[PDB]
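All remarks here apply to the structure that follows.
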Amino acid sequence: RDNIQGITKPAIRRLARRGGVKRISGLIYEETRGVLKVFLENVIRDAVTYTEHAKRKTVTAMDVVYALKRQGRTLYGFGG
Amino acid sequence: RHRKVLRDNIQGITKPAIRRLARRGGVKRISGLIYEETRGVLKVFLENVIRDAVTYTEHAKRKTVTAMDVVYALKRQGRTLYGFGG
Amino acid sequence: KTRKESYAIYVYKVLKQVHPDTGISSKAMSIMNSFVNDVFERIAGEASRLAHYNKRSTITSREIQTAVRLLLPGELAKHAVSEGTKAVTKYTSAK
Amino acid sequence: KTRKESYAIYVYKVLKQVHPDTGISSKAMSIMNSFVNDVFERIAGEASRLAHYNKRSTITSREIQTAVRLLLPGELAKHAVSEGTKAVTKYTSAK
Amino acid sequence: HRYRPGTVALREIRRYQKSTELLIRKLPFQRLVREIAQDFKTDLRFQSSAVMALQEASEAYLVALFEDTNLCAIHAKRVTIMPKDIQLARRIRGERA
Amino acid sequence: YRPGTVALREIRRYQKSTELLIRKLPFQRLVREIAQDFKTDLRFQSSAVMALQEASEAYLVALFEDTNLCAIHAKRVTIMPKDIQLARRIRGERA
Amino acid sequence: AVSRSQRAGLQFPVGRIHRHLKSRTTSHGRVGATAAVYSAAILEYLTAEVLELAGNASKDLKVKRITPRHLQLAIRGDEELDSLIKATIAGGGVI
Amino acid sequence: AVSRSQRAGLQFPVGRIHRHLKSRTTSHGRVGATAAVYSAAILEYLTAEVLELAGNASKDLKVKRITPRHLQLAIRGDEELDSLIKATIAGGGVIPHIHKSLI
DNA sequence: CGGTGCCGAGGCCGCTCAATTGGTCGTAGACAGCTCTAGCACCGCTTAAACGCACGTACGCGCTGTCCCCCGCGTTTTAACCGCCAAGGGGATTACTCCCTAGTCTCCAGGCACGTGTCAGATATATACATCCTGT
DNA sequence: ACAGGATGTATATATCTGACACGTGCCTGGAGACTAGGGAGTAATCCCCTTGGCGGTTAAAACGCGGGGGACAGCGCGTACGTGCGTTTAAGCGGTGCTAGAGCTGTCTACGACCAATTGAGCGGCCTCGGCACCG
């Protein structure tokens, strides 16, 4: 169990259930593991760069909102 | 003194023209019902871009649409285009 | 500790204007606050860009009106520019 | 008639630096000019946004460096920040 | 003598891919641009460079759409594109109708 | 019982609610592991990792909905990795 | 002591919007007092539209408080605001 | 008696970049002296990469003059430059790309 | 459809700092006037491209086994969740001070339209070779 | 399974002309010199929110078994798009001319920036109570 493997099969299954997927194959688990890893990597690079600019060592919520705001995937509900 | 209320120019994008476009696009074979729908999508794309460019050039109080304003309109739609004005 | 600027009171006021009895959760209030800040940021940025395009330096009502005719889609923009002209006329035709 | 600002001469100079014999068409020169203006506009906008985030008012080298670490992807950004630090050190360690 | 059906298509693929020049007749496209420009505001004139740039952006967007629909159809175990492929690709990208 | 009913039950149930689906602690461990590379020994506000979880969940939901459209295009009812890769290619993230 | 917001007959703090617009400008950017009331009216109309849609959805669900789920429902329900707001509502949900 | 570009050993106008950055900086904002130098270096390196790629592309076609087709080929050839320039090249065309089931 | 509990949210103070009105100025735009570059409208001529159509042949769509494989349940087993306690790193202030950058004056030189004289690349043409299409 | 054999493509040369790199005269925005003030760098101090850990506790993961279902080769056929042919049109070019709106330029004025004395509304606490979150 690597640290990526926390995103397990029933979690991704329920996620696809929210999207309306009726039936899932086998390799989708590995596929979405890789995809979500890529996406979180892309966000967290920007968040760490913001925080390192601000001379802080704590990734606050405001910088996560900023990083999502820059990447065309803005998110409300946290101020900014 | 304007004349020539235009009509039927949507047929200007003729069938061999769209054929040539898709040939550039990397399409091998085309079913005959494509032409109407690609005419439609071309219509709506030009509608949005021309609308934004017209709003620009009307803001500058001009009776004509310069190229720089079309480039600006395409910039505001995420499809910015180099070569002409910026 | 220093107070932070918000918009919550004005959202509450306009809500009570349109709906006299209903309420709004605090989390939804924060959502609306962020949404107001986002829309106003977009309008201000677009107006600044337009003023820099037309080589002017004073953002009057005209560039703002063009910004809402730009961002918002059709009939929403029409209602918006109508309310804007109505408000600015009520402002100007006063003491 | 009033002259217009461009970048063409500097693009020609850096081209002759990297490639001593080749040439560039005028249309391609206009393309590169627009591309330079676009990248610089993106960097300036991002630096202004970052300075407004951190409640500061003086865009120094730090916010610019963060802007290029933001916009450009990884190893291109690494080469960019390396050349930036090298240039600013050559500037500072002078008369 | 006659070619096999499709070989001429691939010849035209190579031809119209390695070329660069524009692909829609200039005057009909300009007439269409003015026709769409009518209802938004009357008595409009156009710089020729402006209509040129509109043609460039138009052909670019249509080429991207056609390439993406070809990707969709070749995923769909066919060779001929179809209007539902175009509608699917636009629905994925973010546009709608 | 029969297969094909509990699925639709899950569709209804998991679209009625709005609560978090990915369980919090393994996701937070994943976030800390990923941030371990781009800098050393970070710290995270709980609100920040909550926001990251919310955004990632929304993104995965959107991707699944789109790849479901892609799969139903090919007359199947079961998605496949080529469908997800096709959807991400069409959006253009190419990652 | 006439409270210019009421002189526009509006709820939004037109002085605060004025000093907000005062900063996000070009080098020597100036804003016109006629523009602040216009932006205020724009924000007031947009908030009124979104909140009345959310309140209609709430009275559909028979709840005095408006939850973020109501905001998600109202935004994705009417096509116009969804076409305007491409954002992701925190804790909202799907359709 | 020296210019800031040669003072830093660059090729982009430090004064012009400084004036532009002063012209787009949140009216009560100020612009540091070194920041213009940094921005000029950044733009110089980006132009260096794109122009070197264009030259390497044109050299394989035996043309001493760089054309927009060469710009588009050089940009779409590389991956990360393609990730940067998301725009459209006027008259640049597309890259020769043929898929699997097209035969 | 009522019961009980919960604290989230709505209404009520103290206060302090941001609107606000009054007075000045000066600079930015409004506007009238004048030019003239460039966009619109014919006219004619050529001709390449659109267009109609006649076959036919690749192939899109549908149907049929069919075997992998994915969903549903059942049991265990495991690691998340809640609650609570502890230490302290770092976030968030205030308070100096001085480094740095906004200005102004003077100056001139790198930079920008303008011309022009050379030539690199488009175009054409005539060779020297790939390349599909039946086929013994 | 290469043998003809039209049918398209390297390739070298010839031309040719518009494009462009380089040389000019000119000329405002960059540089250098100085001064002022104020933004932030650093220094210190407080406190809080973050990490760490423990212990129960219990819903969710997780193998595993089984049974139906659907993904998919494989045929098979029956519309339809490619590949031509001849035929017609309007795209393009080149001119030719007409005029009007883009672009400067010079005045004039007006409105917004700036400064200050004032005061009230917007926010931090804070109380409190009833709208909702569950439960026969």
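Points worth noting:
- Any hit, the range A:44-54, residues being crowded, with 21+ Cβ neighbours inside 10 Å, over 16 Å from D:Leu71 (Cα atoms) and facing another protein chain (nearest Cβ under 7 Å): no
- Candidates in the range G:47-60 are the residues that are facing chain C (nearest Cβ under 7 Å) and touching a helix residue (DSSP H, G or I) at 6+ places or on another chain (Cβ under 6 Å); of these, the one that is nearest to C:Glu41 (Cα to Cα) is G:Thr47.
- When every residue of the range H:39-56 is checked against the conditions, none turns out to be over 22 Å from B:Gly86 (Cα atoms), touching a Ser or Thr at 6+ places or on another chain (Cβ under 8 Å) and within 12 Å of DNA strand J (Cβ to nearest atom).
- Close pairs (8 angstrom Cβ cut-off, 6 or more residues apart or separate chains): more than 18 Å from B:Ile34 (Cα to Cα) in the range B:1-16, surrounded by fewer than 15 Cβ atoms within 10 Å (Cβ to Cβ) and among the hydroxyl-bearing types (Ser, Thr, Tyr) anywhere: B:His2/E:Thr42
- Evaluation of F:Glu19 against (1) surrounded by fewer than 18 Cβ atoms within 10 Å (Cβ to Cβ); (2) part of a helix (DSSP H, G or I); (3) more than 7 Å from every other protein chain (Cβ to nearest Cβ) (one fails), failing number: (2)
- Output for the range G:1-44, where each listed residue is among the basic types (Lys, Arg), more than 7 Å from chain C (Cβ to nearest Cβ) and more than 8 Å from DNA strand I (Cβ to nearest atom): G:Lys22
- Any helices (runs of 4 or more DSSP H) falling wholly within chain C and containing at least 3 residues that are hydroxyl-bearing (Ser, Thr, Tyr), more than 13 Å from DNA strand J (Cβ to nearest atom) and more than 7 Å from every other protein chain (Cβ to nearest Cβ): C:74-92
- Yes/no for B:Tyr35 being over 30 Å from E:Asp43 (Cα atoms) and either free of Cβ contacts under 8 Å to residues at least 60 places away in the same chain or near DNA strand J (Cβ under 9 Å from one of its atoms) (or both): yes
- Filter result (assigned to a helix (DSSP H, G or I) and either surrounded by fewer than 17 Cβ atoms within 10 Å (Cβ to Cβ) or among the small types (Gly, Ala, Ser) (or both)) within the range B:21-38: B:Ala22, B:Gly25, B:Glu36
- Among the residues of the range G:47-79, those identified as within 16 Å of A:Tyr76 (Cα to Cα) and in contact with a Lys or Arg (Cβ under 9 Å, 6 or more places away or on another chain) are G:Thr67, G:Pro68.
- In the set (1) buried (at least 24 other Cβ atoms within 10 Å of the Cβ); (2) part of a helix (DSSP H, G or I); (3) among the small types (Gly, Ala, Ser), G:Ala90 fails one condition alone, (2).
- Among all positions in the range F:23-30, there is no residue which is near DNA strand I (Cβ under 9 Å from one of its atoms), among the hydrophobic types (A, V, I, L, M, F, W, C), at the interface with another protein chain (Cβ under 8 Å from one of its Cβ atoms) and not in a helix (DSSP H, G or I).
- Residue in the range F:85-95 that is at the interface with another protein chain (Cβ under 7 Å from one of its Cβ atoms), within 14 Å of DNA strand J (Cβ to nearest atom) and surrounded by fewer than 19 Cβ atoms within 10 Å (Cβ to Cβ) present: no
- Scanning the range A:8-17 for residues that are more than 23 Å from A:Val65 (Cβ to Cβ) and either surrounded by fewer than 17 Cβ atoms within 10 Å (Cβ to Cβ) or within 7 Å of chain F (Cβ to nearest Cβ) (or both) turns up A:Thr8, A:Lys9, A:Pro10, A:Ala11, A:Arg14, A:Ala16, A:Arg17.
- Scanning the range C:40-70 for residues that are surrounded by fewer than 18 Cβ atoms within 10 Å (Cβ to Cβ), closer than 23 Å to D:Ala44 by Cα and not aromatic (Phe, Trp, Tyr) yields C:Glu41, C:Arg42, C:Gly45, C:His52, C:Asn54, C:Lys55, C:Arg56, C:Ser57, C:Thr58.
- Any hit, the range E:61-77, residues being assigned to a loop (DSSP other than H, G, I, E, B) and either hydroxyl-bearing (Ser, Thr, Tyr) or at the interface with chain B (Cβ under 9 Å from one of its Cβ atoms) (or both): no
- Within the range G:61-74, restricting attention to residues that are crowded, with 16+ Cβ neighbours inside 10 Å, within 12 Å of DNA strand J (Cβ to nearest atom) and part of a helix (DSSP H, G or I), the residue that is farthest from the other protein chains (Cβ to nearest Cβ) is G:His70.
- When the test is whether a residue is within 16 Å of DNA strand I (Cβ to nearest atom), within 19 Å of A:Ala67 (Cα to Cα) and among the basic types (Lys, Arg), D:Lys55 passes it.
- Count - residues of the range F:33-51 that are assigned to a helix (DSSP H, G or I) and surrounded by 17 or more Cβ atoms within 10 Å (Cβ to Cβ): 6
Only the coordinates and a few stated rules stand behind these numbers; no lab work does. A quick note on method: Cβ atoms are made from the backbone with ideal geometry, for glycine too, and the neighbour counts reach across all protein chains shown.
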